[PDB]
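Asker: Please find the sequence and an experimentally derived structure below.
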Amino acid sequence: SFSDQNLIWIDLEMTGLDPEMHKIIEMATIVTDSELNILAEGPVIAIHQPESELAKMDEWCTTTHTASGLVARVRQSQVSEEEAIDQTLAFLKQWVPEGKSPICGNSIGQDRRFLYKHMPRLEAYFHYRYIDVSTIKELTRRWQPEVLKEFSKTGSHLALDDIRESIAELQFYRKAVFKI
Ligand code: NA
(Lines give C-alpha, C1' and ligand atoms only; values in the text may rest on other atoms or scores of the structure.)
Protein backbone atom coordinates (compact mmCIF):
# COMPACT_ATOMS: atom_id res chain seq x y z
CA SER A 1 0.00 0.00 0.00
CA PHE A 2 3.12 2.13 -0.48
CA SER A 3 2.04 5.28 -2.30
CA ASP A 4 3.25 8.83 -2.88
CA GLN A 5 -0.28 10.02 -1.95
CA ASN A 6 -0.12 8.60 1.60
CA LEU A 7 0.07 11.03 4.53
CA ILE A 8 2.56 11.02 7.42
CA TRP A 9 1.02 12.14 10.71
CA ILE A 10 3.36 13.00 13.58
CA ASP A 11 3.05 14.31 17.13
CA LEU A 12 5.82 15.15 19.57
CA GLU A 13 5.90 15.81 23.29
CA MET A 14 8.57 18.20 24.55
CA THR A 15 10.01 19.66 27.75
CA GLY A 16 8.73 23.07 26.64
CA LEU A 17 7.92 25.39 23.76
CA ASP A 18 11.39 26.60 22.73
CA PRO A 19 13.40 24.29 20.41
CA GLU A 20 16.68 25.97 21.34
CA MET A 21 16.20 25.21 25.04
CA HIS A 22 13.88 22.21 25.23
CA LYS A 23 13.98 18.61 24.07
CA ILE A 24 11.77 15.99 22.48
CA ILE A 25 10.60 13.37 24.99
CA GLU A 26 8.05 11.47 22.91
CA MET A 27 7.38 10.85 19.22
CA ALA A 28 4.67 8.90 17.42
CA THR A 29 3.77 8.57 13.75
CA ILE A 30 0.79 7.24 11.80
CA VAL A 31 0.46 6.72 8.05
CA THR A 32 -2.92 7.20 6.41
CA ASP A 33 -3.86 6.97 2.78
CA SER A 34 -5.03 10.14 1.05
CA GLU A 35 -8.61 9.39 2.14
CA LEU A 36 -7.47 9.39 5.83
CA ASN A 37 -7.83 5.63 6.34
CA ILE A 38 -5.24 4.59 8.92
CA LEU A 39 -2.82 2.17 7.24
CA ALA A 40 -0.17 1.64 9.92
CA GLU A 41 1.01 3.08 13.22
CA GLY A 42 4.70 3.79 13.62
CA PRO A 43 7.03 3.52 16.59
CA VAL A 44 5.75 5.16 19.77
CA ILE A 45 9.01 6.25 21.38
CA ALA A 46 9.70 7.80 24.76
CA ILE A 47 13.09 9.45 24.22
CA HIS A 48 15.54 9.41 27.10
CA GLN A 49 16.56 12.77 28.55
CA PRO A 50 18.70 13.43 31.64
CA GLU A 51 17.21 15.03 34.74
CA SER A 52 18.84 18.37 33.91
CA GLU A 53 16.66 18.53 30.79
CA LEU A 54 13.53 17.35 32.58
CA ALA A 55 14.30 20.04 35.17
CA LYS A 56 13.62 22.73 32.57
CA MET A 57 9.93 21.82 32.52
CA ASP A 58 7.43 24.38 33.78
CA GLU A 59 4.44 23.41 35.92
CA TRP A 60 2.15 22.62 32.98
CA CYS A 61 4.77 20.35 31.43
CA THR A 62 5.78 18.71 34.70
CA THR A 63 2.24 17.92 35.83
CA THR A 64 1.01 16.89 32.38
CA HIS A 65 3.90 14.57 31.50
CA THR A 66 4.19 13.10 35.00
CA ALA A 67 0.46 12.37 35.30
CA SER A 68 0.43 10.70 31.88
CA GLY A 69 3.26 8.34 32.82
CA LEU A 70 5.54 9.82 30.15
CA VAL A 71 8.15 11.14 32.61
CA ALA A 72 8.61 7.67 34.09
CA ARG A 73 8.88 6.22 30.57
CA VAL A 74 11.45 8.88 29.64
CA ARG A 75 13.53 8.11 32.73
CA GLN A 76 13.50 4.38 31.94
CA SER A 77 14.00 4.76 28.18
CA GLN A 78 17.20 3.59 26.51
CA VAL A 79 16.37 5.25 23.16
CA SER A 80 18.15 8.44 22.05
CA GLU A 81 16.98 10.96 19.45
CA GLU A 82 19.20 9.38 16.79
CA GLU A 83 17.83 5.90 17.50
CA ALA A 84 14.28 7.29 17.45
CA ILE A 85 14.99 8.82 14.03
CA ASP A 86 16.36 5.51 12.77
CA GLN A 87 13.31 3.58 13.99
CA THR A 88 10.88 6.13 12.57
CA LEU A 89 12.61 6.33 9.18
CA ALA A 90 12.74 2.54 8.92
CA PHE A 91 8.97 2.51 9.43
CA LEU A 92 8.10 5.39 7.10
CA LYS A 93 10.16 4.02 4.19
CA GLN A 94 7.76 1.07 4.04
CA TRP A 95 4.69 3.25 3.50
CA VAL A 96 5.51 6.64 1.90
CA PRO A 97 8.38 7.76 -0.37
CA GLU A 98 10.81 10.42 0.79
CA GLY A 99 9.81 14.05 0.29
CA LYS A 100 6.20 13.43 -0.78
CA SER A 101 3.96 13.79 2.29
CA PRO A 102 3.29 17.14 3.94
CA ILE A 103 3.71 17.08 7.68
CA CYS A 104 0.27 16.33 9.15
CA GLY A 105 -1.14 17.12 12.59
CA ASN A 106 -2.46 19.87 14.88
CA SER A 107 -0.41 23.11 14.92
CA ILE A 108 2.21 20.95 13.25
CA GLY A 109 4.47 23.94 12.63
CA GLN A 110 5.59 23.66 16.25
CA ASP A 111 6.57 20.00 15.86
CA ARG A 112 8.40 20.83 12.64
CA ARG A 113 10.44 23.46 14.51
CA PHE A 114 11.62 20.75 16.90
CA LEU A 115 12.33 18.39 14.00
CA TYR A 116 14.46 21.04 12.24
CA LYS A 117 16.52 21.56 15.40
CA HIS A 118 16.72 18.07 16.88
CA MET A 119 15.88 15.59 14.08
CA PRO A 120 16.76 17.22 10.73
CA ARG A 121 17.18 13.84 9.00
CA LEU A 122 13.54 13.13 9.86
CA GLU A 123 12.32 16.63 8.97
CA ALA A 124 13.87 16.12 5.53
CA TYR A 125 11.58 13.13 4.89
CA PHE A 126 8.54 15.42 4.62
CA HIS A 127 7.45 17.57 1.72
CA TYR A 128 7.79 21.24 2.59
CA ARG A 129 4.05 21.75 2.95
CA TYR A 130 1.93 21.41 6.09
CA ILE A 131 -1.46 19.80 6.63
CA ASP A 132 -2.51 21.58 9.82
CA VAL A 133 -5.88 20.35 11.07
CA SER A 134 -6.04 23.40 13.37
CA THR A 135 -6.23 25.63 10.31
CA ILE A 136 -9.63 24.08 9.61
CA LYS A 137 -10.59 24.30 13.29
CA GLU A 138 -9.90 28.04 13.29
CA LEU A 139 -11.77 28.72 10.06
CA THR A 140 -14.72 26.69 11.33
CA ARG A 141 -14.71 28.64 14.60
CA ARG A 142 -15.15 31.86 12.62
CA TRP A 143 -17.45 30.71 9.82
CA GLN A 144 -19.81 28.34 11.67
CA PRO A 145 -18.71 27.82 15.28
CA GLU A 146 -21.73 25.69 16.25
CA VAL A 147 -20.16 22.85 14.22
CA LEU A 148 -17.39 22.58 16.81
CA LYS A 149 -19.77 21.54 19.59
CA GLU A 150 -20.26 18.23 17.71
CA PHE A 151 -16.64 17.09 18.20
CA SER A 152 -14.56 16.79 21.36
CA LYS A 153 -11.01 15.73 22.23
CA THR A 154 -9.54 13.98 25.25
CA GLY A 155 -6.13 15.64 24.81
CA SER A 156 -4.05 13.27 26.93
CA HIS A 157 -0.62 14.32 25.57
CA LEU A 158 0.25 10.74 24.86
CA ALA A 159 1.66 11.29 21.37
CA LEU A 160 -0.03 8.38 19.59
CA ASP A 161 -3.43 9.07 21.13
CA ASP A 162 -3.26 12.75 20.26
CA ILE A 163 -2.32 12.09 16.65
CA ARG A 164 -5.20 9.60 16.42
CA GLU A 165 -7.40 12.47 17.65
CA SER A 166 -5.96 14.77 14.97
CA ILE A 167 -6.96 12.29 12.25
CA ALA A 168 -10.41 11.89 13.80
CA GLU A 169 -10.80 15.68 13.90
CA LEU A 170 -10.00 15.97 10.20
CA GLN A 171 -12.35 13.09 9.44
CA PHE A 172 -15.03 15.03 11.30
CA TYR A 173 -14.30 18.21 9.32
CA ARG A 174 -14.50 16.37 6.01
CA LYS A 175 -18.10 15.43 6.69
CA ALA A 176 -19.05 18.56 8.64
CA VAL A 177 -17.44 21.51 6.81
CA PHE A 178 -16.15 20.20 3.45
CA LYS A 179 -18.26 19.31 0.41
CA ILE A 180 -15.53 17.33 -1.38
NA1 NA B 1 1.00 18.33 19.47
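Answerer: Received, thanks. Numbers count the residues shown, from 1 in each chain.
Asker: Longest helix in this structure, by number of residues?
Answerer: Identified as the longest helix of the chain according to DSSP state H is helix 159-176.
Asker: Packing partners of the helix or strand harbouring residue 60?
Answerer: Residue 60 belongs to helix 59-67 when assigned by DSSP states H and E. Contacting helix 59-67 under the criterion 3 or more Cβ pairs under 8 Å, 6 or more residues apart in numbering; DSSP states H and E are the following elements: helix 70-76. For every residue, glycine as well, the C-beta is placed using N, CA and C.
Asker: After the helix it packs on, which helix or strand is next? Please name it.
Answerer: Following helix 70-76 toward the C-terminus (DSSP H and E): helix 81-92.
Asker: Show me what that following helix is packed up against.
Answerer: Short answer (3+ Cβ pairs under 8 Å, 6+ apart): helix 81-92 packs on strand 24-32, strand 45-46, helix 120-123.
Asker: I'd assumed residue 8 was in contact with residue 163.
Answerer: No: look at residue 163 against residue 8 with Cβ atoms under 8 Å: they stay out of range, at 10.3 Å.
Asker: Spit out the residues that contact these two alike.
Answerer: Among the neighbours of residue 163, those also in contact with residue 8 (Cβ atoms under 8 Å, 6 or more residues apart in numbering) are 29, 30.
Asker: circling back to that earlier point, the helix holding residue 60: how far from the chain's middle?
Answerer: 18 Å (Cα atoms, centre = their mean, to the nearest Å).
Asker: who's in contact with stretch 78-97?
Answerer: 1-4, 6-8, 24, 27, 29, 31, 39-40, 42-43, 45-48, 118-119, 121-122, 125.
Asker: Sort out which of the residues you listed are buried, if you could.
Answerer: Among these, the ones that count as buried by 16 or more other Cβ atoms under 10 Å are 6-8, 24, 27, 29, 31, 39, 42-43, 45-48, 118-119, 122, 125.
Asker: that older thread, format the helices and strands packed on helix 81-92 as JSON lines; extra columns: distance to residue 132.
Answerer: Output for the helices and strands packed on helix 81-92, formatted as JSON lines (distance: least, Cβ to Cβ, whole Å):
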{"stretch": "strand 24-32", "distance to residue 132": "15"}
{"stretch": "strand 45-46", "distance to residue 132": "23"}
{"stretch": "helix 120-123", "distance to residue 132": "16"}
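Asker: To residue 54, which of those lies closest?
Answerer: Residue 54 sits nearest to strand 24-32 of all the helices and strands packed on helix 81-92, at 7.9 Å, using Cβ to Cβ.
Asker: what's downstream of the closest one, the next helix or strand?
Answerer: From strand 24-32, the next helix or strand downstream (DSSP H and E) is strand 38-41.
Asker: Packing partners of that following strand?
Answerer: Against strand 38-41 (3+ Cβ pairs under 8 Å, 6+ apart) you get strand 24-32, helix 159-176.
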